[PDB]
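Before any questions on binding or motion, here is one chain by itself as structure tokens, the form deposited in one PDB entry.
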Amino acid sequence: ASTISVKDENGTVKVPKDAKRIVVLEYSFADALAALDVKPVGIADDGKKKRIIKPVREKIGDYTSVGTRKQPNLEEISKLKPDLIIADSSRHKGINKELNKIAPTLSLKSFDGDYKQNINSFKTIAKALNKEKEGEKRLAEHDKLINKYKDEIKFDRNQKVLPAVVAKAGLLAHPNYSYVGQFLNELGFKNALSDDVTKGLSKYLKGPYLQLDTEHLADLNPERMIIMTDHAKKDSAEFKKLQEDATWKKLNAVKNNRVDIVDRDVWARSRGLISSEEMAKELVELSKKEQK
């Protein structure tokens, strides 16, 4: 057994050179494999086929679900007898010992990784699978496409942007160092949540995100909002109570038609090359709609 030594979040991992059958425990890792022409044999898809973004889903074809990302089914992982497991360095610390009994396991950033960190995980996966050259070519293609979309997004970058999900009668905002915040910065946007602003709102942190009630949204008053929801729906009970609020109606982004509701699976959960390409493409389309 020859191996390839790579670094992951726990140190060195010796990956067998014959690794072909791979179980992945986050969506970004499934994108990484598909980009490299590898079909994972198992995926923690939360029991929802639609959670794997369409172009990735269709490329991979049939696979076996190993259950939720929160609590993967180790019986199902062990039954697959994989060559390699790719686990999330934040989600899967608890099961790491058990996973290592089953197969060589890489522990890589996804859930707690920003845009660049997710890219890096992709690079580690490419190296682990003796596909470094293929990964370089794919990433050069990706970067060229992202920059092409950047140039095609017509929005005025001086309109500061707030990316957020809906939570508890307000917005749970993704700050400038989040995956979404950093990606928007890559596209030349200015996050409304500057470092100073976020410092001044930190008593409202809930882990990685900032809870903003309508009072604090009104104070921030970002020129643009991107609200990520399941199925890109805007008629949930929570969001409707928010949209009915008097302070909401006075917001600069609301009055001026600069609030866009986008798909949470694509924008927040996927964290892949294909999904970030689709996020950028969507911004181009939105920016080209009848100005009105």
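Shifts are known only where both forms have a C-alpha. Note that the rigid core is defined as the largest set of C-alphas that superpose within 1.5 Å between two forms. Sequential numbering from 1, following the sequence displayed.
Note that the form deposited in another entry isn't included here; everything after this is about it.
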> Considering only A169, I95, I102, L139, which residue exhibits a C-alpha shift of no less than 2 Å between this form and the one not shown, with the rigid core used for superposition?
Replying inline: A169
> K49: with the rigid core matched between this form and the one not shown, does its Cα shift 2 Å or more?
Replying inline: no
>> Given a core-based superposition, decide whether the C-alpha of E76 shifts by 2 Å or more between this form and the one not shown.
In response: no
>> Superposed on the rigid core, does the Cα of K154 end up 2 angstroms or more away between this form and the one not shown?
In response: no
>> Since the Cα-Cα distance for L201 and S110 shifts by 3 angstroms or more in the other entry, is it a contraction (closer) or an expansion (farther)?
In response: closer
> Any idea whether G207 and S110 get closer or farther by CA distance in the other entry, knowing it moves 3 angstroms or more?
Replying inline: closer
> Which residue ranges, three or more long, have every Cα moving by 2 Å or more between this form and the one not shown relative to the rigid core?
Replying inline: 167 to 171, 196 to 219, 231 to 235
